[PDB]
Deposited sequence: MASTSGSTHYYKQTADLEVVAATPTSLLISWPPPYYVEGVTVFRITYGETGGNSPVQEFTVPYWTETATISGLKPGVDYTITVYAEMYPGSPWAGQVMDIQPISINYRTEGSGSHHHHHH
């Protein structure tokens, strides 16, 4: 599961459970894009320990798509997949 702990119309706070397949993971890539897009996707990355992320500058009233990718130091694994995804609206 991926959760939004809090929202404001601009801004998001989001959480995920730790895996499971860590160590596995060097970092989490995070992508948020407008939910089906004109928008270019935005991705940023955080350390494997981090359970929490902030997304900012969002438009009000817009449905959104948020994707988390967990990134594996070469030949872990734990395979592979999934990216885990959610949609939220201003």
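Exercise. Can you list the gaps, in order, where the deposited sequence has no modelled residues?
Worked result: Those stretches are 1 to 15, 94 to 97, 110 to 120, listed in order.
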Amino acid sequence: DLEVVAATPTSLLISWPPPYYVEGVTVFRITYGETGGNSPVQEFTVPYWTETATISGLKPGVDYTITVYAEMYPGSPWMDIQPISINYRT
From here on, numbers count along this sequence of modelled residues.
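Exercise. Which is higher in the entry, the mean Cα B factor of 55 to 63 or that of 24 to 32?
Worked result: Looking at the recorded C-alpha B-factors, 55 to 63 comes out higher on average.
For this session: Please place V68 in the lowest, middle or highest third of its chain by C-alpha B factor as given in the entry.
Result: Its C-alpha B-factor, which the entry lists for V68, ranks in the middle third among residues of this chain.
For this session: Divide the modelled residues of the chain into thirds by Cα B-factor and specify which third, lowest, middle or highest, holds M79.
Result: CA B-factor rank for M79: highest third.
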